[PDB]
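Undergrad: Hey, dropping query.cif in here, mmCIF, C-alpha atoms and all ligand atoms:
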data_upload
loop_
_atom_site.label_atom_id
_atom_site.label_comp_id
_atom_site.auth_asym_id
_atom_site.auth_seq_id
_atom_site.Cartn_x
_atom_site.Cartn_y
_atom_site.Cartn_z
CA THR L 17 23.50 -5.50 -17.30
CA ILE L 18 20.25 -5.40 -15.31
CA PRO L 19 19.61 -7.95 -12.53
CA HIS L 20 16.33 -9.84 -12.73
CA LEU L 21 14.30 -10.33 -9.57
CA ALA L 22 11.13 -12.32 -8.93
CA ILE L 23 9.92 -10.15 -6.03
CA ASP L 24 6.26 -9.19 -6.51
CA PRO L 25 5.91 -5.64 -5.09
CA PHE L 26 2.12 -6.02 -5.37
CA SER L 27 1.79 -9.22 -3.30
CA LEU L 28 0.27 -9.44 0.16
CA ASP L 29 3.53 -10.89 1.50
CA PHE L 30 5.31 -7.77 0.21
CA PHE L 31 2.66 -5.41 1.61
CA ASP L 32 2.89 -7.17 4.97
CA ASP L 33 6.60 -6.39 5.37
CA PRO L 34 8.16 -4.50 2.48
CA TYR L 35 11.45 -3.35 4.01
CA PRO L 36 13.61 -6.50 3.57
CA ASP L 37 12.55 -6.81 -0.07
CA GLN L 38 13.15 -3.08 -0.56
CA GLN L 39 16.73 -3.47 0.68
CA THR L 40 17.14 -6.45 -1.65
CA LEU L 41 15.83 -4.20 -4.45
CA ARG L 42 18.15 -1.29 -3.56
CA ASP L 43 21.25 -3.44 -3.11
CA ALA L 44 20.71 -5.42 -6.31
CA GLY L 45 21.63 -2.34 -8.35
CA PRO L 46 20.43 1.11 -9.39
CA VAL L 47 18.07 -0.50 -11.93
CA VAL L 48 16.39 -3.91 -11.62
CA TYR L 49 14.00 -5.81 -13.87
CA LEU L 50 10.92 -7.29 -12.18
CA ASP L 51 10.17 -10.48 -14.12
CA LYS L 52 6.80 -10.93 -12.40
CA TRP L 53 5.30 -7.95 -14.26
CA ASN L 54 7.92 -7.18 -16.98
CA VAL L 55 8.76 -3.69 -15.67
CA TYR L 56 11.95 -1.92 -14.66
CA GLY L 57 12.34 -0.90 -11.04
CA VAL L 58 14.32 1.78 -9.23
CA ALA L 59 14.38 1.65 -5.43
CA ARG L 60 17.28 3.95 -4.46
CA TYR L 61 16.81 7.63 -3.66
CA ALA L 62 19.13 8.95 -6.37
CA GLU L 63 17.42 7.09 -9.24
CA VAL L 64 13.87 7.68 -8.00
CA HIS L 65 14.67 11.39 -7.72
CA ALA L 66 16.18 11.41 -11.20
CA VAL L 67 13.19 9.70 -12.82
CA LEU L 68 10.72 12.06 -11.11
CA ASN L 69 12.67 15.12 -12.29
CA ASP L 70 12.89 14.01 -15.95
CA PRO L 71 9.29 14.18 -17.23
CA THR L 72 10.32 14.33 -20.90
CA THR L 73 12.02 10.95 -20.76
CA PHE L 74 9.80 9.32 -18.09
CA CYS L 75 6.35 10.55 -19.06
CA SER L 76 3.04 10.29 -17.18
CA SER L 77 0.68 10.54 -20.19
CA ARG L 78 0.92 6.80 -20.86
CA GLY L 79 -0.36 6.23 -17.28
CA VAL L 80 1.33 6.08 -13.89
CA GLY L 81 0.03 2.59 -13.18
CA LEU L 82 1.17 -0.66 -14.75
CA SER L 83 -1.18 -0.30 -17.72
CA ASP L 84 0.26 1.52 -20.75
CA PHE L 85 -2.44 3.83 -22.14
CA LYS L 86 -0.88 3.44 -25.59
CA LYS L 87 -1.67 -0.31 -25.34
CA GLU L 88 -4.77 -0.60 -23.13
CA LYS L 89 -7.76 1.60 -22.52
CA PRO L 90 -7.67 3.46 -19.17
CA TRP L 91 -10.33 2.28 -16.75
CA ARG L 92 -11.65 5.88 -16.51
CA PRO L 93 -10.94 9.01 -18.58
CA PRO L 94 -7.33 10.01 -17.88
CA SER L 95 -6.64 12.60 -15.24
CA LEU L 96 -5.93 15.97 -16.87
CA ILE L 97 -3.16 16.61 -14.34
CA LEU L 98 -1.71 13.31 -13.03
CA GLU L 99 -1.77 11.50 -16.39
CA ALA L 100 -0.63 14.44 -18.52
CA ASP L 101 2.76 15.75 -19.58
CA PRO L 102 3.88 19.35 -20.10
CA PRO L 103 2.72 21.43 -21.78
CA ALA L 104 -0.79 19.92 -21.52
CA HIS L 105 -0.16 19.49 -17.77
CA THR L 106 0.95 23.06 -17.06
CA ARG L 107 -2.25 25.10 -17.03
CA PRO L 108 -4.49 22.64 -15.12
CA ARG L 109 -1.61 22.35 -12.64
CA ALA L 110 -1.55 26.15 -12.34
CA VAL L 111 -5.28 26.21 -11.57
CA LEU L 112 -5.12 23.56 -8.84
CA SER L 113 -2.07 25.38 -7.48
CA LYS L 114 -4.11 28.57 -7.09
CA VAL L 115 -7.15 26.70 -5.73
CA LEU L 116 -4.96 24.95 -3.11
CA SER L 117 -2.87 28.01 -2.45
CA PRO L 118 -1.48 29.69 0.68
CA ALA L 119 -4.39 32.15 0.63
CA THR L 120 -6.83 29.25 0.54
CA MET L 121 -5.08 27.67 3.52
CA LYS L 122 -5.46 30.93 5.43
CA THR L 123 -9.24 30.78 4.94
CA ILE L 124 -9.62 27.19 6.22
CA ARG L 125 -6.89 26.88 8.88
CA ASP L 126 -8.98 28.03 11.87
CA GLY L 127 -11.83 25.64 11.06
CA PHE L 128 -9.52 22.71 10.36
CA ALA L 129 -7.78 23.27 13.71
CA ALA L 130 -11.03 23.70 15.66
CA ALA L 131 -12.23 20.40 14.18
CA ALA L 132 -9.01 18.64 15.17
CA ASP L 133 -9.16 19.85 18.80
CA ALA L 134 -12.83 18.90 19.10
CA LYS L 135 -12.10 15.41 17.77
CA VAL L 136 -9.21 14.73 20.14
CA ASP L 137 -11.34 16.02 23.03
CA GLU L 138 -14.14 13.67 21.98
CA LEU L 139 -11.73 10.73 21.61
CA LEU L 140 -10.27 11.45 25.06
CA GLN L 141 -13.78 11.00 26.46
CA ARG L 142 -13.78 7.47 25.01
CA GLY L 143 -10.25 6.58 26.12
CA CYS L 144 -10.07 3.38 24.03
CA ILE L 145 -10.51 4.03 20.30
CA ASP L 146 -9.57 2.85 16.83
CA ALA L 147 -7.05 5.42 15.61
CA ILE L 148 -7.99 4.59 12.01
CA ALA L 149 -11.80 4.62 11.99
CA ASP L 150 -12.20 7.11 14.83
CA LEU L 151 -9.35 9.52 14.02
CA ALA L 152 -7.36 8.91 10.83
CA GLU L 153 -10.58 8.54 8.82
CA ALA L 154 -13.06 10.56 10.91
CA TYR L 155 -11.06 13.78 11.05
CA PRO L 156 -10.35 14.20 7.30
CA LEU L 157 -13.94 13.10 6.69
CA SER L 158 -15.10 15.89 9.01
CA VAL L 159 -13.20 18.65 7.14
CA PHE L 160 -12.33 17.65 3.56
CA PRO L 161 -15.79 16.91 2.06
CA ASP L 162 -17.06 20.20 3.47
CA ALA L 163 -13.98 22.07 2.25
CA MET L 164 -14.68 20.58 -1.22
CA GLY L 165 -18.25 21.82 -0.97
CA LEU L 166 -19.78 18.37 -1.34
CA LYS L 167 -23.34 17.78 -0.33
CA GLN L 168 -23.95 15.57 2.69
CA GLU L 169 -25.60 12.58 1.04
CA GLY L 170 -23.44 9.90 -0.55
CA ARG L 171 -20.12 10.66 1.16
CA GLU L 172 -19.82 6.96 2.07
CA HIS L 173 -18.64 6.52 -1.55
CA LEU L 174 -15.55 8.76 -1.07
CA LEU L 175 -13.20 6.29 0.59
CA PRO L 176 -14.26 3.30 -1.58
CA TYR L 177 -13.66 5.36 -4.73
CA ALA L 178 -10.20 6.43 -3.54
CA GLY L 179 -9.18 2.85 -2.74
CA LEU L 180 -10.36 1.83 -6.20
CA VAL L 181 -8.26 4.61 -7.79
CA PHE L 182 -5.07 3.56 -6.01
CA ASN L 183 -5.74 -0.15 -6.50
CA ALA L 184 -6.17 0.53 -10.24
CA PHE L 185 -2.61 1.83 -10.54
CA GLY L 186 -1.54 -1.74 -9.76
CA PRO L 187 -1.22 -4.79 -11.98
CA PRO L 188 -4.31 -6.84 -12.90
CA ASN L 189 -4.17 -8.88 -9.68
CA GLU L 190 -7.10 -9.76 -7.43
CA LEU L 191 -6.89 -6.41 -5.61
CA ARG L 192 -7.31 -4.51 -8.86
CA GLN L 193 -9.98 -6.57 -10.59
CA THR L 194 -12.06 -6.83 -7.41
CA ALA L 195 -12.04 -3.05 -6.99
CA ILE L 196 -12.96 -2.35 -10.60
CA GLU L 197 -15.75 -4.94 -10.54
CA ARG L 198 -17.49 -3.11 -7.67
CA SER L 199 -16.75 0.38 -8.99
CA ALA L 200 -19.96 1.42 -10.79
CA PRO L 201 -21.81 3.07 -7.84
CA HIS L 202 -18.78 5.00 -6.58
CA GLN L 203 -17.87 6.20 -10.07
CA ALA L 204 -21.46 7.39 -10.56
CA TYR L 205 -21.49 9.33 -7.28
CA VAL L 206 -18.10 11.01 -7.78
CA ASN L 207 -18.79 12.00 -11.38
CA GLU L 208 -22.13 13.57 -10.41
CA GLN L 209 -20.63 15.66 -7.58
CA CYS L 210 -18.02 16.96 -10.04
CA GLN L 211 -20.67 19.00 -11.86
CA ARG L 212 -20.83 22.71 -10.93
CA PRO L 213 -24.52 22.69 -9.75
CA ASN L 214 -23.62 20.20 -7.03
CA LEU L 215 -20.68 22.07 -5.45
CA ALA L 216 -21.29 24.57 -2.65
CA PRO L 217 -20.15 28.16 -3.27
CA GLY L 218 -16.85 28.89 -1.54
CA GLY L 219 -15.51 25.33 -1.74
CA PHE L 220 -12.55 23.94 -3.65
CA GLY L 221 -14.86 22.45 -6.27
CA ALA L 222 -16.72 25.68 -7.04
CA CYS L 223 -13.35 27.44 -7.08
CA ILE L 224 -12.10 25.11 -9.83
CA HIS L 225 -15.24 25.82 -11.88
CA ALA L 226 -14.80 29.54 -11.26
CA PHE L 227 -11.33 29.32 -12.88
CA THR L 228 -12.75 28.23 -16.24
CA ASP L 229 -12.71 31.70 -17.86
CA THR L 230 -9.08 32.78 -17.45
CA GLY L 231 -7.93 30.84 -20.50
CA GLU L 232 -6.14 28.28 -18.34
CA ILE L 233 -8.89 25.61 -18.38
CA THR L 234 -12.22 25.28 -20.20
CA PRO L 235 -15.58 24.47 -18.56
CA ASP L 236 -15.48 20.89 -19.89
CA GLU L 237 -12.17 20.37 -18.03
CA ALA L 238 -13.36 21.45 -14.58
CA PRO L 239 -15.29 18.26 -13.58
CA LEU L 240 -12.18 16.12 -14.18
CA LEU L 241 -10.06 18.46 -12.02
CA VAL L 242 -12.68 18.23 -9.27
CA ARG L 243 -12.42 14.46 -9.80
CA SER L 244 -8.67 14.70 -9.20
CA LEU L 245 -9.16 16.27 -5.75
CA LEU L 246 -11.80 13.67 -4.85
CA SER L 247 -9.47 10.88 -6.01
CA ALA L 248 -6.30 12.06 -4.33
CA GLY L 249 -7.41 14.31 -1.49
CA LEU L 250 -8.85 12.04 1.20
CA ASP L 251 -7.43 8.51 1.47
CA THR L 252 -3.85 9.80 1.22
CA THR L 253 -4.32 12.09 4.23
CA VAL L 254 -6.17 9.31 6.05
CA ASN L 255 -3.14 7.05 5.64
CA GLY L 256 -0.81 9.94 6.45
CA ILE L 257 -2.49 10.77 9.75
CA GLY L 258 -2.70 7.06 10.55
CA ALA L 259 1.04 6.73 9.89
CA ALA L 260 1.73 9.65 12.24
CA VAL L 261 -0.37 8.22 15.08
CA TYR L 262 1.13 4.78 14.50
CA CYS L 263 4.59 6.35 14.72
CA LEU L 264 3.80 8.25 17.92
CA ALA L 265 2.57 4.97 19.43
CA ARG L 266 5.70 3.02 18.48
CA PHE L 267 8.19 5.78 19.44
CA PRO L 268 6.95 7.16 22.78
CA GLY L 269 10.11 9.22 23.21
CA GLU L 270 9.09 11.15 20.12
CA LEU L 271 5.57 11.74 21.44
CA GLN L 272 7.22 13.14 24.55
CA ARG L 273 9.40 15.51 22.50
CA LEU L 274 6.31 16.60 20.55
CA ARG L 275 4.43 17.26 23.78
CA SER L 276 7.26 19.48 25.02
CA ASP L 277 7.28 21.54 21.80
CA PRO L 278 3.98 21.39 19.90
CA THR L 279 5.48 23.60 17.20
CA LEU L 280 7.16 20.36 16.04
CA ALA L 281 3.76 19.13 14.81
CA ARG L 282 4.25 20.09 11.16
CA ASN L 283 7.64 18.38 10.95
CA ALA L 284 6.39 15.43 13.01
CA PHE L 285 3.79 14.89 10.31
CA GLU L 286 6.33 15.40 7.50
CA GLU L 287 8.64 12.81 9.05
CA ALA L 288 5.69 10.39 9.25
CA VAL L 289 5.08 10.90 5.52
CA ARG L 290 8.71 9.98 4.89
CA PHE L 291 8.78 7.07 7.36
CA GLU L 292 5.62 5.32 6.16
CA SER L 293 5.12 6.91 2.72
CA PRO L 294 1.35 6.56 2.20
CA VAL L 295 1.90 6.43 -1.56
CA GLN L 296 4.40 3.61 -1.89
CA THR L 297 4.89 3.24 -5.65
CA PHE L 298 4.13 5.07 -8.90
CA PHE L 299 5.04 4.30 -12.52
CA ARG L 300 6.47 6.21 -15.44
CA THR L 301 6.79 5.18 -19.10
CA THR L 302 9.97 5.82 -21.08
CA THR L 303 9.45 7.92 -24.21
CA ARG L 304 12.84 6.91 -25.67
CA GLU L 305 15.91 4.80 -25.03
CA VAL L 306 17.69 6.23 -21.99
CA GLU L 307 20.71 5.67 -19.77
CA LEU L 308 19.77 5.55 -16.08
CA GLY L 309 22.37 4.71 -13.43
CA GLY L 310 24.64 3.07 -15.98
CA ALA L 311 21.64 1.19 -17.40
CA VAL L 312 19.95 1.43 -20.81
CA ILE L 313 16.17 1.13 -20.86
CA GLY L 314 14.27 0.86 -24.14
CA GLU L 315 11.46 3.09 -25.37
CA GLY L 316 7.92 2.34 -24.29
CA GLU L 317 8.95 0.57 -21.06
CA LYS L 318 7.24 0.94 -17.69
CA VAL L 319 9.44 2.02 -14.77
CA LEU L 320 8.29 1.31 -11.22
CA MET L 321 9.55 3.88 -8.70
CA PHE L 322 9.68 2.76 -5.04
CA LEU L 323 8.96 6.02 -3.17
CA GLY L 324 8.86 4.41 0.28
CA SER L 325 12.20 2.73 -0.42
CA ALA L 326 13.85 5.94 -1.65
CA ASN L 327 12.65 7.45 1.65
CA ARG L 328 14.44 4.71 3.61
CA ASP L 329 17.60 4.53 1.48
CA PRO L 330 20.66 4.62 3.79
CA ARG L 331 22.61 6.12 0.87
CA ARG L 332 20.55 9.28 1.45
CA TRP L 333 19.30 9.18 5.05
CA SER L 334 21.04 8.75 8.37
CA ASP L 335 19.26 6.11 10.48
CA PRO L 336 16.46 5.87 7.89
CA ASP L 337 14.44 3.38 9.97
CA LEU L 338 14.15 5.75 12.95
CA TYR L 339 11.19 8.09 13.26
CA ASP L 340 12.78 11.43 14.26
CA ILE L 341 10.53 14.49 14.44
CA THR L 342 13.49 16.89 14.27
CA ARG L 343 14.93 15.26 11.13
CA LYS L 344 15.75 17.48 8.18
CA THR L 345 13.13 15.91 5.89
CA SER L 346 13.58 18.27 2.93
CA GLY L 347 14.08 16.17 -0.17
CA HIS L 348 11.88 13.22 0.79
CA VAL L 349 9.76 11.91 -2.10
CA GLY L 350 6.59 11.03 -0.16
CA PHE L 351 4.84 13.86 -2.05
CA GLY L 352 6.80 13.18 -5.24
CA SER L 353 9.27 15.57 -6.86
CA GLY L 354 9.29 17.85 -9.89
CA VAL L 355 6.44 19.14 -12.03
CA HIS L 356 3.90 16.67 -10.55
CA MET L 357 4.91 17.08 -6.91
CA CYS L 358 1.72 16.80 -4.87
CA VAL L 359 -0.32 19.91 -5.64
CA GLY L 360 -2.44 19.33 -2.53
CA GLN L 361 0.51 19.06 -0.14
CA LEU L 362 -0.51 22.28 1.63
CA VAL L 363 -3.87 20.72 2.51
CA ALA L 364 -2.22 17.49 3.62
CA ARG L 365 0.30 19.28 5.81
CA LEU L 366 -2.41 21.54 7.28
CA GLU L 367 -4.57 18.55 8.29
CA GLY L 368 -1.63 16.64 9.71
CA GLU L 369 -0.15 19.64 11.51
CA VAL L 370 -3.34 20.64 13.29
CA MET L 371 -4.07 17.02 14.25
CA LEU L 372 -0.60 16.42 15.68
CA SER L 373 -0.81 19.83 17.38
CA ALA L 374 -4.02 18.79 19.13
CA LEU L 375 -2.49 15.49 20.26
CA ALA L 376 0.62 17.34 21.48
CA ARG L 377 -1.47 19.62 23.68
CA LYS L 378 -4.11 17.19 24.96
CA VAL L 379 -2.63 13.66 25.07
CA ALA L 380 -0.09 12.27 27.55
CA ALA L 381 0.39 8.81 26.02
CA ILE L 382 -0.78 6.60 23.17
CA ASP L 383 -0.69 2.85 23.87
CA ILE L 384 -1.60 0.08 21.44
CA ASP L 385 -4.14 -2.12 23.22
CA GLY L 386 -5.40 -4.50 20.55
CA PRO L 387 -4.46 -6.30 17.33
CA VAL L 388 -3.08 -4.03 14.61
CA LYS L 389 -4.59 -4.81 11.19
CA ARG L 390 -2.98 -3.76 7.92
CA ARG L 391 -5.06 -2.46 5.00
CA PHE L 392 -3.86 -3.87 1.66
CA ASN L 393 -3.79 -1.73 -1.48
CA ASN L 394 -1.70 -1.89 -4.62
CA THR L 395 -0.39 1.67 -4.18
CA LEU L 396 -1.29 2.90 -0.65
CA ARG L 397 0.33 1.82 2.61
CA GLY L 398 -1.68 2.14 5.78
CA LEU L 399 -3.53 0.41 8.56
CA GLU L 400 -7.04 -1.00 8.68
CA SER L 401 -7.40 -0.83 12.47
CA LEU L 402 -5.11 0.71 15.13
CA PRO L 403 -6.58 0.05 18.60
CA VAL L 404 -5.15 2.61 21.01
CA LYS L 405 -5.74 3.94 24.49
CA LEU L 406 -5.36 7.72 24.81
CA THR L 407 -4.24 9.00 28.22
CA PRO L 408 -5.37 12.59 28.84
CA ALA L 409 -2.61 15.10 29.57
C1 LIG S 1 -0.14 12.80 3.05
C2 LIG S 1 -0.95 13.06 2.02
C3 LIG S 1 -0.56 12.94 0.52
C4 LIG S 1 0.40 12.21 -0.09
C5 LIG S 1 1.41 11.22 0.55
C6 LIG S 1 0.33 12.48 -1.51
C7 LIG S 1 1.15 11.93 -2.47
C8 LIG S 1 1.27 12.37 -3.78
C9 LIG S 1 2.33 12.03 -4.71
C10 LIG S 1 3.53 11.10 -4.44
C11 LIG S 1 2.08 12.67 -5.87
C12 LIG S 1 2.94 12.61 -7.15
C13 LIG S 1 2.28 11.74 -8.22
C14 LIG S 1 3.22 11.53 -9.39
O1 LIG S 1 4.37 12.03 -9.36
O2 LIG S 1 2.83 10.83 -10.37
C15 LIG S 1 0.86 13.44 -5.71
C16 LIG S 1 0.24 14.22 -6.68
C17 LIG S 1 -1.01 14.80 -6.55
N1 LIG S 1 -1.71 14.92 -5.36
FE1 LIG S 1 -1.15 14.26 -3.55
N2 LIG S 1 -0.68 13.39 -1.73
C18 LIG S 1 -1.25 13.70 -0.52
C19 LIG S 1 -2.29 14.60 -0.33
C20 LIG S 1 -3.04 15.21 -1.32
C21 LIG S 1 -4.17 16.11 -1.13
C22 LIG S 1 -4.68 16.50 0.26
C23 LIG S 1 -4.64 16.48 -2.34
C24 LIG S 1 -5.82 17.42 -2.71
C25 LIG S 1 -6.54 18.15 -1.84
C26 LIG S 1 -3.81 15.83 -3.34
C27 LIG S 1 -3.92 15.90 -4.72
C28 LIG S 1 -2.93 15.55 -5.62
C29 LIG S 1 -2.98 15.79 -7.04
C30 LIG S 1 -4.18 16.46 -7.74
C31 LIG S 1 -1.85 15.34 -7.60
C32 LIG S 1 -1.50 15.43 -9.10
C33 LIG S 1 -0.36 16.46 -9.18
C34 LIG S 1 0.27 16.56 -10.55
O3 LIG S 1 0.27 15.55 -11.31
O4 LIG S 1 0.79 17.66 -10.87
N3 LIG S 1 -2.86 15.07 -2.68
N4 LIG S 1 0.38 13.23 -4.42
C1 LIG S 2 -1.10 10.72 -5.85
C2 LIG S 2 -2.25 10.16 -6.14
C3 LIG S 2 -3.21 10.76 -7.18
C4 LIG S 2 -4.35 10.05 -7.52
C5 LIG S 2 -5.24 10.55 -8.45
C6 LIG S 2 -5.00 11.78 -9.05
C7 LIG S 2 -6.00 12.32 -10.07
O1 LIG S 2 -7.13 11.75 -10.19
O2 LIG S 2 -5.70 13.32 -10.78
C8 LIG S 2 -3.87 12.50 -8.71
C9 LIG S 2 -2.97 11.99 -7.77
CL CL S 3 -14.52 7.84 -12.33
#
How does this structure look as structure tokens?
Ligand code: HEM
Ligand SMILES: C=Cc1ccc(C(=O)O)cc1
Ligand SMILES: [Cl-]
TA:
Amino acid sequence: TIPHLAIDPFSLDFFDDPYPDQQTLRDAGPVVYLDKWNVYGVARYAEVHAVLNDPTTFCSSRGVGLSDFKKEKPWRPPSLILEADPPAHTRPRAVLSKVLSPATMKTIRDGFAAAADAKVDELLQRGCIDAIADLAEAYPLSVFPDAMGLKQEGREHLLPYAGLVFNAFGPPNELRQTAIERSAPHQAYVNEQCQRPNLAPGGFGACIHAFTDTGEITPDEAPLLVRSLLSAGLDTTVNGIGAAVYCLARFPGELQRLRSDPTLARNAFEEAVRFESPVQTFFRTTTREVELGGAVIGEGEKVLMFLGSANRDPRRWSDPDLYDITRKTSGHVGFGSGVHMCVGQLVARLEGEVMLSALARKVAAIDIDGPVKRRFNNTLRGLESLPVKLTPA
């Protein structure tokens, strides 16, 4: 039998401090029923990993938010990659894989790193900064829109559109309906920049459109794949870099280990993705009746996966609530797992690595010197404001 819990994983009280409720969710059983929203939940590593790696049974084509696309209309045309199953998913995935490939990383790495060093040097001249606005947001804003090949005007829509996208995966609570109500201008901007004429040659966007003659995608599919990168590519890395700086501020012994070996930067960022998990929850929909962890779940049922909880499950991790930059992180689900595992993870890791590398070489300490403010979102975890003082090395 399935235990029934009344915990609302989309409530502000839950966002404010999710870990006690996540333990309650893990320890209640491998599968729980959340009466507040009539969905099944899995919060342990083993079950989250199993659901992610069974796309036939736990599909994405009926949406990865609460809404079931077989019952309700999506709020925007479905993503051709995130909200598709194999085999429809395979070829657009292949394209984005080759757009966001190792060879692409080689062409952008020097410029991404130069931009990270310049930013830290500029922030060190200020001393007292907001690590969100002035670093976690400013740095990805200074590299990603240009890497995409976006024009300069209208970029103020990028972060609002992303927050709308991740809020829309949630239930129809105030967070979701508020975001959708104010969505029209951001939707208009993003959709217009997805068209080939508006994307600079050499960028990720033009590269997607240039892939439309191999037989893997058609020209009418390319704008939606550009839309995918502009939905998923910015706010996630913003919260990821914010997580990393927040972690280095709360664990000064780890900042000091990072300083002494800056080659730890890539794993320091990976551990921050596990520790804070910028993408906290995602849904699947069962395509049949299925046994999961000794539990039978009917067909057509939504299953809420707790990625951040799987990443703190003491059944899988030693000392899961410690930030440890030399941890063996392989297997964490902060980027997902299986056929949909984050196709932009090389970009994310590049941004985070070069930013933590710059801090490792230029910063002696990071001290919180003001009120920390949390940013609330139905799917994303991160901070609104992180007042810090940077001490130059
Ligand atoms: C720290 C940063 C990031 C995190 C935590 C993150 C998280 C995730 C997760 C958990 C998934 C799996 C979704 C699912 O299984 O339903 C995913 C997929 C995806 N991500 Fe990321 N992501 C990050 C950065 C990026 C970047 C930088 C890009 C693009 C430049 C990107 C684009 C995508 C896309 C297009 C998908 C769909 C993949 C598919 O369905 O095959 N993400 N991301
Ligand atoms: C992991 C978040 C995510 C959001 C949007 C999309 C998309 O729009 O395809 C993909 C991934
Ligand atoms: Cl849209």
Undergrad: Which one of L:221, L:127, L:350, L:19 sits closest to ligand LIG 1 (chain S) if you count only C-alpha atoms and all ligand atoms?
TA: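 Ranked by minimum distance to ligand LIG 1 (chain S), first place goes to L:350.
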Undergrad: So that I can see what lies close to residue 48 (chain L), please list as a list in words the residues with an atom at most 7 Å from it, counting all atoms listed in the file and leaving out residues fewer than 5 positions away in the same chain.
TA: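 Close residues of residue 48 (chain L): residues 18, 19, 20, 56, 57 and 58 of chain L.
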Undergrad: One decimal, Å: what's the distance from CA of residue 180 (chain L) over to CA of residue 106 (chain L), could you say?
TA: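 Between CA of residue 180 (chain L) and CA of residue 106 (chain L) the gap is 26.4 Å.
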Undergrad: Sorted by chain and rising residue number, list the residues of chain L at most 9 Å from ligand CL 3 (chain S) (counting all atoms listed in the file), each with its closest atom pair and distance in Å to one decimal, as JSON lines.
TA:
{"residue": "L:91", "atom": "CA", "partner": "S:CL3", "partner_atom": "CL", "distance": 8.2}
{"residue": "L:92", "atom": "CA", "partner": "S:CL3", "partner_atom": "CL", "distance": 5.4}
{"residue": "L:93", "atom": "CA", "partner": "S:CL3", "partner_atom": "CL", "distance": 7.3}
{"residue": "L:177", "atom": "CA", "partner": "S:CL3", "partner_atom": "CL", "distance": 8.0}
{"residue": "L:181", "atom": "CA", "partner": "S:CL3", "partner_atom": "CL", "distance": 8.4}
{"residue": "L:199", "atom": "CA", "partner": "S:CL3", "partner_atom": "CL", "distance": 8.5}
{"residue": "L:200", "atom": "CA", "partner": "S:CL3", "partner_atom": "CL", "distance": 8.6}
{"residue": "L:202", "atom": "CA", "partner": "S:CL3", "partner_atom": "CL", "distance": 7.7}
{"residue": "L:203", "atom": "CA", "partner": "S:CL3", "partner_atom": "CL", "distance": 4.4}
{"residue": "L:204", "atom": "CA", "partner": "S:CL3", "partner_atom": "CL", "distance": 7.2}
{"residue": "L:205", "atom": "CA", "partner": "S:CL3", "partner_atom": "CL", "distance": 8.7}
{"residue": "L:206", "atom": "CA", "partner": "S:CL3", "partner_atom": "CL", "distance": 6.6}
{"residue": "L:207", "atom": "CA", "partner": "S:CL3", "partner_atom": "CL", "distance": 6.0}
{"residue": "L:240", "atom": "CA", "partner": "S:CL3", "partner_atom": "CL", "distance": 8.8}
{"residue": "L:243", "atom": "CA", "partner": "S:CL3", "partner_atom": "CL", "distance": 7.4}
{"residue": "L:247", "atom": "CA", "partner": "S:CL3", "partner_atom": "CL", "distance": 8.6}
Undergrad: With distances taken over only C-alpha atoms, which of L:326, L:349, L:140, L:265 is nearest to residue 42 (chain L)?
TA: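 When distances to residue 42 (chain L) are compared using only C-alpha atoms, the smallest one comes from L:326.
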Undergrad: Name each residue within 6 Å of ligand LIG 1 (chain S), counting only C-alpha atoms and all ligand atoms, as a VMD selection string.
TA: chain L and resid 97 to 98 109 244 to 245 248 to 249 252 to 253 256 294 to 295 350 to 352 355 to 361 363 to 364
Undergrad: When you count only C-alpha atoms and all ligand atoms, which of these residues is closest to ligand LIG 2 (chain S): L:30, L:61, L:285, L:298?
TA: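 So, comparing all the options, the nearest one is L:298.
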Undergrad: If I take atom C7 of ligand LIG 2 (chain S) and CA of residue 178 (chain L), how far is one from the other in Å, to one decimal?
TA: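 Between atom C7 of ligand LIG 2 (chain S) and CA of residue 178 (chain L) the gap works out to 9.7 Å.
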Undergrad: Kindly provide, as lines of an AutoDock Vina configuration file, the centre and edge lengths (Å, one decimal) of an axis-aligned box around all atoms of ligand LIG 2 (chain S) given in the file, with 8 Å on each side.
TA:
center_x = -4.1
center_y = 11.7
center_z = -8.3
size_x = 22.0
size_y = 19.3
size_z = 20.9
Undergrad: To one decimal place, how far is CA of residue 369 (chain L) from CA of residue 219 (chain L) in Å?
TA: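 The value is 21.1 Å.
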